[PDB]
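Single-structure report; data block below.
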Amino acid sequence: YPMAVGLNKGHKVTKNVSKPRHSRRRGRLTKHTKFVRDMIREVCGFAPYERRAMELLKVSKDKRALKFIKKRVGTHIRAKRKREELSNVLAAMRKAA
Amino acid sequence: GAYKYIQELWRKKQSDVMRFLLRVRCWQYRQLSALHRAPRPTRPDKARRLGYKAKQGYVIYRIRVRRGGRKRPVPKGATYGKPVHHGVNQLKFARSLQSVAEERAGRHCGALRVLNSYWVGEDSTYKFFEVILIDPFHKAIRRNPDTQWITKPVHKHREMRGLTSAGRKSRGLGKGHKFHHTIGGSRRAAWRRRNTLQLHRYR
Amino acid sequence: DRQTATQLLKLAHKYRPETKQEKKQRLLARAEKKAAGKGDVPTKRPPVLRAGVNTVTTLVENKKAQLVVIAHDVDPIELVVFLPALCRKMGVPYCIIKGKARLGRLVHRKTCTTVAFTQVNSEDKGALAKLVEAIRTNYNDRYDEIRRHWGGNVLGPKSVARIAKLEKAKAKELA
Amino acid sequence: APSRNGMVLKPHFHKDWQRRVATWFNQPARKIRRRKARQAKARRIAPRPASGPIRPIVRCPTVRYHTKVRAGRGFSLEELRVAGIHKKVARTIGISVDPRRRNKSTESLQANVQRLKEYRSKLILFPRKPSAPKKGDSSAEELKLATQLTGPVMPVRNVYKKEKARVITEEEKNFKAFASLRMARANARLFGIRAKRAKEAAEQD
RNA sequence: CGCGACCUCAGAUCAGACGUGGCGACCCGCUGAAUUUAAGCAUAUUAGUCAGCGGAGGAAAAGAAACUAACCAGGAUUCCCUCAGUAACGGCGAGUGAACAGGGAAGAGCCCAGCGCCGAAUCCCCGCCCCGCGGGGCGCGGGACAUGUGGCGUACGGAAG
RNA sequence: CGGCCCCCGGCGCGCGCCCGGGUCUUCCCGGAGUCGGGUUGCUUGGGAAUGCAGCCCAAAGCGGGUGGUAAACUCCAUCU
Ligand SMILES: [Mg+2]
Ligand SMILES: [Mg+2]
């Protein structure tokens with residue numbers, strides 16, 4: 001019972017299951033490159049918007065520590081990929097001790 | 001794997017090991033002249049990913065540009081216009097400062113074609129840029145047939161037409177719905193194509 | 001110093017890569033033998049030092065290196081700044097020699113910024129295996145002694161004498 | 001300026017318009033110019049056809065136009081993969097290649113795979129000096145004509161099912177009606193909300 | 001201190017090359033008003049045009065998706081017909097105002113940096129002769145560039161062993 | 001229609017370069033003061049900012065851009 005409107009829309013056609021394109025894989029971590037960026041946060045250091053951000057994250061507020069990165073890195077969804085990995089580097093500096 | 005370390009170290013320029021020599025050679029460039037010849041590109045990874053090849057032929061000027069948007073060159077602010085046209089002090093100059101840097105670097109040398117350029121320093125007033133050049137008529141560039149695309153004479157003065165990487169960022173073009181403001185060729189070609197009257201022969 | 005680094009520029013000197021007048025005539029005696037003799041392998045190991053950053057960088061993250069002779073001044077300061085921390089992390093030793101143009105004449109070029117060791121001759125391995133200890137004593141045993149350290153921040157000799165004269169007038173008051 | 005009953009008009013001649021106008025007094029001159037570039041091109045090359053390569057079969061984008069068939073751009077590799085020819089070999093054989101085209105059906109995929117081998121069926125090649133690596137005899141007994149026209153294998157072929165005649169059965173004449181759409185649409189804008197009202201019964205506890 | 005290696009630099013009527021200027025019909029980048037219309041007139045309009053300034057070519061610009069789509073999916077750019085004087089903008093006034101679909105013209109595709117292997121297998125100049133036109137070459141020897149990285153294979157449609 | 005002169009693209013000896021294909025195994029895989037956000041000017045039909053530019057803040061890698069009403073969550077679509 002095909003129908004062009006509703007929930008199961010459209011002409012019933014079979015679907016090809018096939019290996020995805022190679023431009024579709026852009027930002028996989030690829031272990032050679034994780035070795036670079038883990039070697040480099042001990043030869044270069046951190047920034048002064050995140051030296052302060054951990055020392056609000058380790059103690060006082062984590063809403064405001066989100067809301068400090070929210071103001072200083074662009075979007076809200078970029079700040080939930082900074083805050084919960086500022087805490088991770090702070091975790092492996094705390095729970096490796 | 002060396003240049004991947006040079007890339008990623010340079011891409012963190014607010015840490016303290018970077019912003020020391022990020023700013024000790026802001027000072028070290030501000031005492032030289034306005035336009036200048038560096039003998040070798042002072043960040044080698046970026047210049048060659050734009051197309052530098054360390055051989056005979058290329059030459060790498062760093063030049064200086066004063067920062068800030070343009071002030072309207074009208075005497076005593078008297079623009080003599082309707083009140084939407086009194087813009088003396090808040091105007092922003094729709095071509096980027098990186099392409100002004102490529103212009104006067106390519107303006108001084110008449111015989112040097114320009115490939116593209118990149119960012120190497122800022123004070124508060126000055127905004128420095130290396131500019132990498134290509135000599136057309138050297139025999140190491142007139143041979144090597146993957147570089148003979150620049151000795152062709154339609155690539156004379158790729159700034160004052162706006163054909164570099166930095167200049168064409170400000171032309172407005174591109175593909176998509178975001179850039180069909182300029183959907184034919186360039187910005188004032190679509191204005192001819194839309195705003196002409198295309199009466200037929202059997203009209 | 002110039003004394004411990006005397007051996008290193010003389011140990012490496014017999015691993016100087018192939019210059020012009022011997023590259024021209026190594027192709028020839030291999031050719032004069034090729035139509036007569038059919039030798040399988042003249043050089044099973046080349047005892048040679050590698051040149052340049054983009055060779056020496058790769059040969060540490062495969063651990064194919066023995067020792068890293070690294071230079072003092074570079075056109076871009078950073079070009080080099082990761083290579084001490086990279087070799088300590090992998091564990092291949094490194095030493096910082098005076099002048100990027102003193103090791104440039106190990107290879108017949110102007111400035112070569114790094115040389116490293118992959119295979120020394122095993123009959124002169126003990127010359128390498130005597131001074132590679134003192135190299136990783138000075139550097140790789142001292143990473144958190146060298147990583148922490150800051151440089152500069154010392155006043156000029158005309159602006160420190162007027163500071164130290166004020167120490168007289170307090171140590172005169174306490175007399 | 002307006003009078004008794006008429007249209008209200010916005011004629012776009014307030015802008016300067018007499019300095020960009022384009023009379024087509026050369027459109028006969030441009031038609032018989034670009035017929036010389038088809039006469040003296042299709043003879044200049046080869047017994048290769050005019051009107052370019054083989055294009056594949058392509059079904060249109062708009063809901064408005066998905067019921068119809070169009071000469072597309074290139075067989076997007078996969079049709080070169082199921083039929084098994086090399087991609088950089090394909091565009092010197094006379095087969096167009098469009099790599100950024102995808103296939104998310106098996107119905108449409110074999111619709112060109114048979115088409116490609118059908119093109120490869122009606123293809124004859126000229127080997128250089130007649131040692132003939134993987135081409136047969138004298139030139140298909142001869143080339144039989146010089147040039148082909150308006151597309152190789154008639155790229156429209158908007159075919160349709162006969163579907164001759166049928167007996168209306170019991171199930172077919174009772175059910176499939178208008179009320180099968182009003183409840184179909186009612187499971188389009190009252191479906192996500194009914195996912196949420198069942199969460200109300202899982203928090204009633 | 002004297003000699004030397006480099007690094008940043010100068011000087012030259014050094015050897016050999018190169019750029020400026022003119023035209024500007026079409027093209028490219030930037031700066032760009034007012035008369036006019038609104039029956040007045042400040043937003044708007046005229047207009048991103050006139051003028052000004054710089055860039056070239058026989059065409060230029062554009063270009064091989066950081067796309068259009070939301071169904072049975074299309075597939076670089078440019079141009080014409082339609083979309084359409086429509087969506088949308090506007091003292092929502094005066095007025096300005098695209099694009100995707102669809103049909104045609106033409107339809108050509110590709111390169112690199114980077115990650116890696118090959119003992120710089122790369123290039124310029126200089127001198128000799130091969131030997132050929134009105135000259136450009138593979139040979140033969142000598143100075144450079146270059147390891148802060150030349151050349152082969154390589155480009156995301158995957159690639160390498 | 002001829003004859004007369006000069007120039008064009010396409011014979012064949014001596015030049016010069018010169019192994020591709022399908023499966024399996026493993027390995028590699030990417031452009032930063034840039035993307036984006038805040039504000040300010042110009043601009044567009046682009047309307048809760050379409051493009052452009054200045055100044056500040058300045059990224060990440062299952063990450064990023066887009067999906068034409070600001071936003072948070074949740075899948076997906078396409079692209080690199
Ligand atoms: Mg030089
Ligand atoms: Mg001309």
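Scheme for the structure tokens: letters A, B, ... for chains in order shown; per-chain residue numbers from 1; ligand numbers from 1 in order shown.
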
Check your understanding: Quick one: residues within 10 Å of ligand 1, with only C-alpha atoms (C1' of nucleotides) and all ligand atoms, as an NGL selection string?
Key -> (:B and (38-40 or 54-60)) or (:E and (145-146))

For the residues in the current selection, export C-alpha atoms (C1' of nucleotides) as a PDB file, in the first residue's frame.
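Once written, out_14.pdb looks like this:
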ATOM      1  CA  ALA B  38      63.688  38.601   3.603  1.00  0.00           C
ATOM      2  CA  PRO B  39      66.220  36.052   2.341  1.00  0.00           C
ATOM      3  CA  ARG B  40      64.228  33.001   3.433  1.00  0.00           C
ATOM      4  CA  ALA B  54      63.391  26.628  -2.072  1.00  0.00           C
ATOM      5  CA  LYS B  55      65.309  27.113  -5.276  1.00  0.00           C
ATOM      6  CA  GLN B  56      66.408  29.855  -7.630  1.00  0.00           C
ATOM      7  CA  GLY B  57      63.545  32.125  -8.576  1.00  0.00           C
ATOM      8  CA  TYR B  58      61.321  32.896  -5.610  1.00  0.00           C
ATOM      9  CA  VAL B  59      61.691  35.884  -3.300  1.00  0.00           C
ATOM     10  CA  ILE B  60      59.890  36.467  -0.022  1.00  0.00           C
TER      11      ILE B  60
ATOM     12  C1'   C E 145      71.116  26.797  -5.251  1.00  0.00           C
ATOM     13  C1'   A E 146      69.412  23.201  -2.082  1.00  0.00           C
TER      14        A E 146
END

Check your understanding: What residues have any atom no more than 10 Å from ligand 2 when counting only C-alpha atoms (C1' of nucleotides) and all ligand atoms, and can you list them as a ChimeraX atom specification?
Key -> /B:153 /E:56-58

Check your understanding: So which residues touch range 110-125 of chain C within 8 Å, counting only C-alpha atoms (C1' of nucleotides), skipping near sequence neighbours fewer than 5 positions away, as number ranges by chain?
Key -> C: 15, 45-53, 56, 64-74, 100-101, 103-105; E: 6, 147-148

Review point. Using only C-alpha atoms, which chain A residues lie at most 12 Å away from chain C, written as a PyMOL selection string?
Key: chain A and resi 32-33+35-45

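In terms of minimum interatomic distance to residue 16 in chain E, B:138 ranks closest within B:152, B:178, B:138, B:70, counting only C-alpha atoms (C1' of nucleotides).
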
Review point. Counting only C-alpha atoms (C1' of nucleotides), what is within 9 Å of range 94-98 of chain E, bar same-chain residues fewer than 5 positions away, as a PyMOL selection string?
Key: (chain B and resi 180-181) or (chain D and resi 10+12+14) or (chain E and resi 37-38+44-45+85+87-89) or (chain F and resi 45)

Practice item. Considering only C-alpha atoms (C1' of nucleotides), extract the chain F residues located within 9 Å of chain A and return them as a PyMOL selection string. Key: chain F and resi 29-30+36-38+57-64+79-80

Using only C-alpha atoms (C1' of nucleotides), I'd like every residue of chain E that has an atom within 10 Å of chain A; please write them out as a PDB file with C-alpha atoms (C1' of nucleotides), in the first residue's frame.
ATOM      1  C1'   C E  71      12.096  12.125  -3.666  1.00  0.00           C
ATOM      2  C1'   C E  72      12.225   6.982  -7.363  1.00  0.00           C
ATOM      3  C1'   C E 115      51.654  11.844   5.959  1.00  0.00           C
ATOM      4  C1'   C E 156      40.598  12.239  -0.673  1.00  0.00           C
ATOM      5  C1'   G E 157      36.930   9.797  -6.813  1.00  0.00           C
ATOM      6  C1'   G E 158      40.930   7.026  -1.861  1.00  0.00           C
TER       7        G E 158
END

Running DSSP on the backbone, which parts of range 89-132 of chain B land in strand (DSSP E or B), as a PDB file with N, CA, C and O atoms, in the first residue's frame?
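Result went into result.pdb, see below:
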ATOM      1  N   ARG B 113      55.784  38.530 -10.489  1.00  0.00           N
ATOM      2  CA  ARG B 113      54.449  37.990 -10.281  1.00  0.00           C
ATOM      3  C   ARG B 113      54.321  37.448  -8.864  1.00  0.00           C
ATOM      4  O   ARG B 113      55.297  36.999  -8.259  1.00  0.00           O
ATOM      5  N   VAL B 114      53.101  37.487  -8.333  1.00  0.00           N
ATOM      6  CA  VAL B 114      52.845  37.137  -6.941  1.00  0.00           C
ATOM      7  C   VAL B 114      52.051  35.847  -6.893  1.00  0.00           C
ATOM      8  O   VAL B 114      51.054  35.703  -7.609  1.00  0.00           O
ATOM      9  N   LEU B 115      52.466  34.916  -6.048  1.00  0.00           N
ATOM     10  CA  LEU B 115      51.689  33.685  -5.908  1.00  0.00           C
ATOM     11  C   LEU B 115      50.566  33.869  -4.892  1.00  0.00           C
ATOM     12  O   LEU B 115      49.393  33.875  -5.270  1.00  0.00           O
ATOM     13  N   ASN B 116      50.918  34.090  -3.621  1.00  0.00           N
ATOM     14  CA  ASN B 116      50.003  34.352  -2.497  1.00  0.00           C
ATOM     15  C   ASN B 116      50.848  34.766  -1.291  1.00  0.00           C
ATOM     16  O   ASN B 116      52.037  35.063  -1.438  1.00  0.00           O
ATOM     17  N   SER B 117      50.237  34.834  -0.106  1.00  0.00           N
ATOM     18  CA  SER B 117      50.900  35.422   1.058  1.00  0.00           C
ATOM     19  C   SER B 117      50.257  34.934   2.353  1.00  0.00           C
ATOM     20  O   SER B 117      49.263  34.208   2.336  1.00  0.00           O
ATOM     21  N   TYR B 118      50.788  35.401   3.488  1.00  0.00           N
ATOM     22  CA  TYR B 118      50.397  34.883   4.800  1.00  0.00           C
ATOM     23  C   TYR B 118      50.799  35.858   5.906  1.00  0.00           C
ATOM     24  O   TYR B 118      51.494  36.847   5.672  1.00  0.00           O
ATOM     25  N   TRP B 119      50.372  35.540   7.129  1.00  0.00           N
ATOM     26  CA  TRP B 119      50.404  36.437   8.282  1.00  0.00           C
ATOM     27  C   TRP B 119      51.602  36.121   9.163  1.00  0.00           C
ATOM     28  O   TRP B 119      51.793  34.966   9.550  1.00  0.00           O
ATOM     29  N   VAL B 120      52.401  37.137   9.500  1.00  0.00           N
ATOM     30  CA  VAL B 120      53.560  36.908  10.363  1.00  0.00           C
ATOM     31  C   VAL B 120      53.732  37.921  11.486  1.00  0.00           C
ATOM     32  O   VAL B 120      54.792  37.952  12.114  1.00  0.00           O
ATOM     33  N   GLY B 121      52.738  38.755  11.766  1.00  0.00           N
ATOM     34  CA  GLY B 121      52.929  39.649  12.897  1.00  0.00           C
ATOM     35  C   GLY B 121      51.993  40.832  13.019  1.00  0.00           C
ATOM     36  O   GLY B 121      51.528  41.365  12.010  1.00  0.00           O
ATOM     37  N   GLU B 122      51.720  41.255  14.255  1.00  0.00           N
ATOM     38  CA  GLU B 122      50.838  42.384  14.512  1.00  0.00           C
ATOM     39  C   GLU B 122      51.284  43.109  15.777  1.00  0.00           C
ATOM     40  O   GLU B 122      51.736  42.476  16.734  1.00  0.00           O
ATOM     41  N   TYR B 126      50.505  48.161  13.420  1.00  0.00           N
ATOM     42  CA  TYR B 126      51.040  47.515  12.239  1.00  0.00           C
ATOM     43  C   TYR B 126      50.594  46.063  12.187  1.00  0.00           C
ATOM     44  O   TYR B 126      50.418  45.416  13.217  1.00  0.00           O
ATOM     45  N   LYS B 127      50.403  45.560  10.977  1.00  0.00           N
ATOM     46  CA  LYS B 127      49.951  44.189  10.772  1.00  0.00           C
ATOM     47  C   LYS B 127      50.814  43.620   9.659  1.00  0.00           C
ATOM     48  O   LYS B 127      50.561  43.874   8.483  1.00  0.00           O
ATOM     49  N   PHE B 128      51.822  42.845  10.033  1.00  0.00           N
ATOM     50  CA  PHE B 128      52.858  42.443   9.101  1.00  0.00           C
ATOM     51  C   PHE B 128      52.424  41.240   8.283  1.00  0.00           C
ATOM     52  O   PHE B 128      51.605  40.434   8.719  1.00  0.00           O
ATOM     53  N   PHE B 129      52.982  41.126   7.083  1.00  0.00           N
ATOM     54  CA  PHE B 129      52.672  40.007   6.207  1.00  0.00           C
ATOM     55  C   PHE B 129      53.898  39.685   5.377  1.00  0.00           C
ATOM     56  O   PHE B 129      54.443  40.582   4.737  1.00  0.00           O
ATOM     57  N   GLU B 130      54.314  38.425   5.364  1.00  0.00           N
ATOM     58  CA  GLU B 130      55.193  37.985   4.296  1.00  0.00           C
ATOM     59  C   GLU B 130      54.395  37.935   3.008  1.00  0.00           C
ATOM     60  O   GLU B 130      53.182  37.759   3.019  1.00  0.00           O
ATOM     61  N   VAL B 131      55.087  38.100   1.887  1.00  0.00           N
ATOM     62  CA  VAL B 131      54.502  37.952   0.561  1.00  0.00           C
ATOM     63  C   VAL B 131      55.487  37.152  -0.265  1.00  0.00           C
ATOM     64  O   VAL B 131      56.642  37.561  -0.405  1.00  0.00           O
ATOM     65  N   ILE B 132      55.061  36.024  -0.811  1.00  0.00           N
ATOM     66  CA  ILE B 132      55.973  35.194  -1.582  1.00  0.00           C
ATOM     67  C   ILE B 132      55.731  35.468  -3.055  1.00  0.00           C
ATOM     68  O   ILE B 132      54.585  35.594  -3.498  1.00  0.00           O
TER      69      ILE B 132
END

Exercise for review: Please identify which residues in range 9-95 of chain A DSSP calls alpha helix (DSSP H) from the backbone, and express them as a ChimeraX atom specification.
Suggested key: /A:32-39,51-57,63-72,76-79,83-94

Same residues, C-alpha atoms, output as a compact mmCIF listing (two decimals), in the first residue's frame:
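That gives us result-v8.txt:
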# COMPACT_ATOMS: atom_id res chain seq x y z
CA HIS A 32 50.03 9.06 14.47
CA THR A 33 48.32 12.42 14.91
CA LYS A 34 47.19 11.93 18.51
CA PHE A 35 50.86 11.38 19.31
CA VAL A 36 51.63 14.85 17.93
CA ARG A 37 48.97 16.75 19.84
CA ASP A 38 49.70 14.96 23.11
CA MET A 39 53.41 15.65 22.74
CA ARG A 51 44.46 28.51 32.82
CA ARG A 52 41.67 30.42 34.54
CA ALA A 53 38.94 28.08 33.34
CA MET A 54 40.26 25.05 35.18
CA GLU A 55 40.76 27.03 38.37
CA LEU A 56 37.07 27.79 38.27
CA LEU A 57 36.35 24.21 37.17
CA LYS A 63 27.92 26.26 35.12
CA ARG A 64 29.91 29.49 35.18
CA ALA A 65 33.04 27.70 33.95
CA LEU A 66 30.95 26.63 31.00
CA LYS A 67 29.58 30.17 30.80
CA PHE A 68 33.14 31.55 30.74
CA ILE A 69 34.13 29.43 27.74
CA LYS A 70 30.71 30.21 26.22
CA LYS A 71 31.73 33.86 26.19
CA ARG A 72 35.28 33.28 24.98
CA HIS A 76 27.50 26.61 23.13
CA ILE A 77 28.28 23.32 21.40
CA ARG A 78 31.93 24.29 21.08
CA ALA A 79 31.94 24.96 24.81
CA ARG A 83 34.72 22.15 29.26
CA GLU A 84 34.45 18.36 29.33
CA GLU A 85 37.99 17.98 28.06
CA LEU A 86 39.48 20.75 30.15
CA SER A 87 38.15 18.60 32.98
CA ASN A 88 39.67 15.47 31.42
CA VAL A 89 43.19 16.90 31.29
CA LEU A 90 42.55 18.12 34.82
CA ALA A 91 41.39 14.58 35.65
CA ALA A 92 44.54 12.95 34.34
CA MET A 93 46.58 15.59 36.16
CA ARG A 94 44.68 14.83 39.37
